[PDB]
Amino acid sequence: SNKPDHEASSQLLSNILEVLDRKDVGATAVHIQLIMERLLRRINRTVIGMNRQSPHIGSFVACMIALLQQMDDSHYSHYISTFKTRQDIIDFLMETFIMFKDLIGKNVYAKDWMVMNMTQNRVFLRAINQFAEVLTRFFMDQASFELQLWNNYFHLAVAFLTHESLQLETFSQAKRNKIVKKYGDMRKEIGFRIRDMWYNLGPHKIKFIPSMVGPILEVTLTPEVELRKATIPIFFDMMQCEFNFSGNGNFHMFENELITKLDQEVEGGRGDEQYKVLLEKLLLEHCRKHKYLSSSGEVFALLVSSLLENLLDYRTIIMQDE
């Protein structure tokens, strides 16, 4: 029966936290700590159910982030880390990620509040980061089993990283620099964190490739240079992992959907010629790092690259010939 109170509650919920954020009124680290402790999963449940889009849900949105905006890692790690039986906290985390995907998908703003938009981007960065560290120190091969959940994470991570791109900052010549000075390039460390999570995964990667094949391309498809630069080697990485498998088998299964998706997005029109160029380059580098199977992957990547100029030429010609 909480329904009519939602907005009203948010009102309450608003002011408290913001007067908590009000600087010199009084020290509140433990106080906000407590409020966190006994309201987080709660409000998350709410906006799970409050998840209807038409109403004042957006307000709750701010509420949530504001909390965690104010609220510091020491707290995340404090007891929201330190819950009861682990499986419960696992459940909670799935709730978190699924909701985050539900946020980034169907964003609750008309894209004109891009300022607070950037802010909530940042706070989501921070929060999911804290989730990353706990998921390591509570769900790496130290928690060797029940390690699928990253599915969500990774897609969510990728799904996060799949907006606010070079053309977007292009809008004003100032726009890029503006958002960089205020924020930098979020995508950089976003992808880097996903990358180090990949590395941190360890041997269980082989359990995971065919799924994560899709995600690693958009990030690689990224218009920018540098993170894409650090991003390609992952490809040689899991192809090598598939080789650790290919001791029994190959990586043909891998390269198949590789090529597949590669197509549908390249024809979808994201990468550029220099994209394939640097692909070729770096993959070749990696192939110099390794022996014979690197040469095999080289000829396969030559096939790839070929297909790439085929597609780019296709695109440029279609947009101008019929």
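Structural remarks
- Filter result (hydrophobic (A, V, I, L, M, F, W, C) and either over 27 Å from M186 (Cα atoms) or surrounded by fewer than 19 Cβ atoms within 10 Å (Cβ to Cβ) (or both)) within region 209-233: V225, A230
Every residue, every condition in (1) under 24 Å from the mean Cα position of the chain (by Cα); (2) closer than 24 Å to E226 by Cα; (3) exposed (fewer than 13 other Cβ atoms within 10 Å of the Cβ), yes or no:
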{"position": "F243", "(1), (2), (3)": "no, no, no"}
{"position": "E273", "(1), (2), (3)": "no, yes, yes"}
{"position": "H290", "(1), (2), (3)": "no, yes, no"}
{"position": "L308", "(1), (2), (3)": "no, yes, no"}
{"position": "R315", "(1), (2), (3)": "no, no, no"}
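- Given (1) within 23 Å of the chain's Cα centre (by Cα); (2) under 17 Å from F124 (Cβ atoms), number of the condition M36 does not satisfy: (1)
- Taking the criterion of being touching a residue at least 12 places away in the same chain (Cβ under 8 Å), in a loop (DSSP other than H, G, I, E, B) and under 19 Å from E169 (Cβ atoms), the only residue of region 102-114 that qualifies is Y109.
- Only one entry in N177, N151 is assigned to a helix (DSSP H, G or I) and surrounded by 13 or more Cβ atoms within 10 Å (Cβ to Cβ), namely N151.
- Residue that is farthest from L221 (Cα to Cα) [pool: residues in region 187-199 that are touching a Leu at 6+ places or on another chain (Cβ under 7 Å) and either among the hydroxyl-bearing types (S, T, Y) or surrounded by 18 or more Cβ atoms within 10 Å (Cβ to Cβ) (or both)]: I190
- Restricting region 271-302 to residues that are free of Cβ contacts under 8 Å to residues at least 40 places away in the same chain and of a type in the set (A, V, I, L, M), the residue that is nearest to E255 (Cα to Cα): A301
- The condition of being closer than 27 Å to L201 by Cβ and crowded, with 18+ Cβ neighbours inside 10 Å holds for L282.
Using ideal geometry, Cβ is built from the backbone for each residue, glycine included, and neighbour counts are taken over all protein chains shown. Only the coordinates and a few stated rules stand behind these numbers; no lab work does.
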